[PDB]
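The first chain written gets the first letter, and so on, giving A, B, C, D, E, F, G and H; residue counts start at 1 in each chain.
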Amino acid sequence: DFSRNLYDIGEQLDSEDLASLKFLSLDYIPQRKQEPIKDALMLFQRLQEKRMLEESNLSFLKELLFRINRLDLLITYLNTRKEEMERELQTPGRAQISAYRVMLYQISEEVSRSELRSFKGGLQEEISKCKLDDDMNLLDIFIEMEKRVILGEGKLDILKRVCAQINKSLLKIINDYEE
Amino acid sequence: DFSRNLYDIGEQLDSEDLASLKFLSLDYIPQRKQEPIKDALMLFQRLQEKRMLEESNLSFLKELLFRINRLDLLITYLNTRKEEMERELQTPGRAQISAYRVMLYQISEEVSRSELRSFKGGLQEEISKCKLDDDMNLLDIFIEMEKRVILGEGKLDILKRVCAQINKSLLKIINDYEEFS
Amino acid sequence: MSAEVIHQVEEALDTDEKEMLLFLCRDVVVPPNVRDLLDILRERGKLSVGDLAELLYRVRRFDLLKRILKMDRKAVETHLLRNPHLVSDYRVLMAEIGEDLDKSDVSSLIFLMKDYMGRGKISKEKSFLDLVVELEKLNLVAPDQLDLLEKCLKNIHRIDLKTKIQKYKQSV
Amino acid sequence: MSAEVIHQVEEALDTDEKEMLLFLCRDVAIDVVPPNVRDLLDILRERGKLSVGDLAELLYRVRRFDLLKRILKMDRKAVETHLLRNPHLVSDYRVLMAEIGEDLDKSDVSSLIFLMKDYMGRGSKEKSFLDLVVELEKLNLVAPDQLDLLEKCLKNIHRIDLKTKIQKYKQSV
Amino acid sequence: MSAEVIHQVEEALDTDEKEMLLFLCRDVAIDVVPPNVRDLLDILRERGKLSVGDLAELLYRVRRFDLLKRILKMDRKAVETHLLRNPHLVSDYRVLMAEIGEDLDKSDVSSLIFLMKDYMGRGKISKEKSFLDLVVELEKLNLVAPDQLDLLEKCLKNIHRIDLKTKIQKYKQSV
Amino acid sequence: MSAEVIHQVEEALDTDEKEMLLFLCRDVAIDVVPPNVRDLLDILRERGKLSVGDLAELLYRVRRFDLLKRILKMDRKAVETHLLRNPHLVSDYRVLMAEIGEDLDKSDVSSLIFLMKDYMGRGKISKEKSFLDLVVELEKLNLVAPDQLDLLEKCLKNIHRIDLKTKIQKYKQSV
Amino acid sequence: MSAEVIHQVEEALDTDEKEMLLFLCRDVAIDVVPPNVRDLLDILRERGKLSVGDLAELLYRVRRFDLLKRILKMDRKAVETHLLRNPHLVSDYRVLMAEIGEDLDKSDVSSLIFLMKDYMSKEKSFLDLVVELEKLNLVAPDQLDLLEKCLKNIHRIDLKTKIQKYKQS
Amino acid sequence: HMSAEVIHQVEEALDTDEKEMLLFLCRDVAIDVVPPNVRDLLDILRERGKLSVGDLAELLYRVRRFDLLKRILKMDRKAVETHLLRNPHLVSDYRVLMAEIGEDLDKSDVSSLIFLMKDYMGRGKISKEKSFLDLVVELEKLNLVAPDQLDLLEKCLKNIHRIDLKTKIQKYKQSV
């Protein structure tokens, strides 16, 4: 039953949703363990190995599904409404994902293709030249920035520069996260 | 041969017809399995694996071809008339596609490019900006609304709002589905 | 029968066909490799020309049926109609189901069957026949015990293989 | 022959040419399954069926004339005359199959696989044309005297030029 | 401790986790090279350095808490408190090396192997080997140690993994 | 019966078949421990418990049907009917143990030795023992018997050979 | 020469420059197929044909003088003088082929493939076409007539003039 | 001159590759015997007086086990280098050169070398699994490689495009 439910939830996630989940799980699943994850069941089993996903602890899975805006999966397979998740994640202590990760994902969801071109253009001097090809999305650029300690919870200056050069709502997201 | 016939039917379907076919089959083929489907033969094999497409079970294929208005393929390769299909689908229980899916596809068929642009403009506050790009058609917008449970069999109000702001016939289609449901 | 024929067959087969032959002959002492298996079948008297023909027919190597034993599909089919089978219909069904699953389908099958079994062994990459063997060792699959495999094949939307299972079940 | 020439030839070839050479040599060494091309050439040498002319023919069939000029110091017409006077290592059937495979993209291969699945069985499906021809040979579905099914399937996918290739082969035998 | 627990743990680990266990136990059993993980656990038990708490720590270092719950019937906080109260079986140097290894994909590992190949030959023939194999080959060459991390720091810098250099710097700042 | 038959059988068997025959006859020869197979056959004939049917049964248990056809001129049906009619020289317990030994590879045997060590220690020094050697070492320790199969059952369960546990239960249901 | 220099170069180059470097070095490593540029440079170094001047020439052919200044600490005139003194790793034929490939869009390459298919898959580049011709003994430093005629037939007469100027050298 | 405890430490601390290299390097000292394991070899060297602290230091230095040089013998690289500068060497520069060439070859190079040398030898003498040092040993038994006969190995290293190793061989030859 439980395994069939996890399999069915995995069958509803495409490669982009899977990339989103892997980015949201960077603070719990390291790079080496993340590399061979090509479907949702592998990430689910990696969470099971850390006991963050069991038949009596669906909290982190529900949080992951809520953060990627798959409310349909939450209501269908986990029997959870949007208001329930909103009330749960804003209670002190229950948030398992860091606000930094959520703000990075939200900024990635608000950047179109041309804005991504300009964002990649802005970072021409802080990333090696082969690692700035079209084959990367904004989350991979965020990961590569974190690897070079130019982006982080205390280092928002370069992100703020690029976003201010691009758009105002991104600066609003950054400043709303900061407070 | 059944496989040669399926190949010939596939050779007549372009990428847009394939997108329509995949949208109409969302209730039977999940997202993960649907992503790599880039031609008709892959969808046909996915259906064969679910036994919804066999040499003695052409029902779902004929329904798909009728719903995308490819009556030419039905009459030529499957030997099926328009009246036969409208009479079959009007028998209680024999329609394998849900009325919700058919209503979404038909309402998508009545929205032009400018109307689709206005539709994307209407959903500016409840859909992420990357999911409101020009590269998306109305069926993809329906999927993205379903992901945020603002569109569904029991939640038709937002679709009503946007369509009534756009066009009257869309609201008529919505309500005609809603009553006969 | 002679050792030359056994040598020809063993060297002509590839790795997958060898594994399938071993799995199919699991019913008839566990031979480590295929040549020893064929020698054991001959030494037990259970490898005449017709038995080797049946073995080549089950591994779908009709070219070897034509070059080595000088026979066609119709002759081996008549032999199977007249004489008892070396390979049971259960093994043929298992091989047939295994031939119709890619790596992703096998992984998804392993997840469900894992909750029902534990997946105590950790191999590099397990094939469907390896999974069926590990299930047999745990008494989870049998000619009269196909319900778990049937349910798991249903849940991954491989209803054609479920129909294969049901057609087998109706033949007894 | 010597191991130096074989080493040069094997490392100079690319993956597609290696697969093609293995497929072409499936007939000269039917009984065995060589894992790589270097071992295949060594087996051909120990079996006596790898003279300088045989290696020239093998390089000619994979259309690798640069190695014919650099390694064996031979030209196209020399290998063609050698094939004119001496017996061929690779039959025209294998050459025809490789030629048909050269003119098929991924979509054509997928459509051919779809049509052939009824004729072979559902049991991958991301293979090359030569892999399909090998699996058909194992299933006794294609042969030098049994080209009707492949001809029909190539006709049904609107590759009529390949049907004409098969017809010219049949008109050669 | 009993051979049943060792057998269960041995069956639960995969190849990467087995290699990590061997590397972590390289300090306790340094005179011998255990071929497999069952032999390693038998060696640790024969040396007396394998109580239930020691095996719990080993399972904690490989991040297999499900195994802590199923085999030893333990939780994360229990093992963490045990490590806070009792001495550690695996030194913090090994833990840092394992963390760095777990935070490197294949391309980063290959680039580190190349940069250090400038410093060492083809130590092990296999081109595709893990970060822990590289640190083992370096330890055998006396090139990396808890008190000599400058070379690993520079190589991690040259592959643009400054976060791992910061990890190493915090480790050195904890001494 | 004649000495030529015993000599032919002695020279025809190989090492594995000789060891299996000795193990199967371990119950009939309880006062004597025969080093080789000729001594066992001579003792069995001396005790009167080696007729043509008894040697046929012995050849059937070692799965040497060629010797049944060439030396004793018997078939599978003849030996099976003889076993159906007359009492067995080798008890079903020994035959069951040999069956279980036939269905274990090297890894399963090694895993059995580890846990049975948790209960028995090293025993013999060689890590190259067969399953029948392990069961003999257990019999010497009074740990396995026709009415004492629980430990072997649990150990076969722990190595995930549940089919062999079912074999043991099927044997126990034949009482 | 050291591995750190090869690393800095490989991380600095992009995909197009990597493919161009492989094609240019097809003459030195004329019997092996390097998968990536790190392996190509490693092979050149193990074969001794990758000194500081050789890597300088390689960076010069892709016109990456910024890397010549940052990694090898060289300027344009220094590398040009080194090429004036020492023999070249890449022949002028390869440089000409790369220069012609840089001045062809995808439609021109498709038309060249169409005309040349009579003499001989899609999504090919010009350098891939030149390689496939080299394997077929259809193009060489002393065999440019087919390429010249085909470049003329697609109304890229400037590239025919490039070939003429090379032939006059 | 050496105790059994030190020998025990060395045998169990070395791995299979290091043990094989030690046997290959000492093939010249113990001309008569093929020791099955390294402990028999080290004890035989002690019995023949060829295993002082400096001799074991040199042996550990050639197998590049500096961790054992420091843990077991409590010595530094400069100390063993000075000892080798001061006293005669147990392992000749030919063996050291062969070991270096073997250590600078990946699996493909070794397999290709075995293939090229197969023309000069038989088959069953060496299979695909053998290492470079096994190849050098089998060639030495056939007088195909030696301190005074490096032309074939030089040509084969040229044929596998390892010109740096050809330069190593030439540098060794220029020292004699």
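The rule we apply is simple: contacts are C-beta pairs under 8 Å (C-beta built on N, C-alpha and C of every residue); 3 or more make two chains touch, one makes a residue touch a chain.
Considering every other chain in turn, the ones in contact with both subunit E and subunit F prove to be C. With steps allowed only between chains in touch, the distance from subunit C over to subunit F comes to 1.
For the interfaces B-C and C-D, the C-beta contact count is higher for C-D. In this assembly, the C-alpha centroid of subunit D lies 50 Å from the C-alpha centroid of subunit E. For this pair, subunit A with subunit E, the centres built from the Cα atoms lie 29 Å apart. Distance from the subunit F centre to the subunit G centre is 74 Å, each centre being the mean of its Cα atoms. Annotation for subunit B: residues 33 touch two or more other chains. Inter-chain contacts, as defined above, occur between A-B, A-C, A-E, A-G, B-C, B-D, C-D, C-E, C-F, D-G, D-H, E-F, E-G, E-H, G-H.
Contacts from subunit B toward subunit D in the complex involve residues 1-4, 6-7, 39, 41.
On the side of subunit G, the complex with subunit A involves touching residues 10-15, 18. Note for the complex: subunit E touches subunit H at residues 30-33, 121-127, 139-142. If you check the complex, the residues on subunit C that touch subunit E are 120-122, 124.
Across the complex, subunit A meets subunit E through its residues 30-33, 35, 48-51, 128, 146-149.
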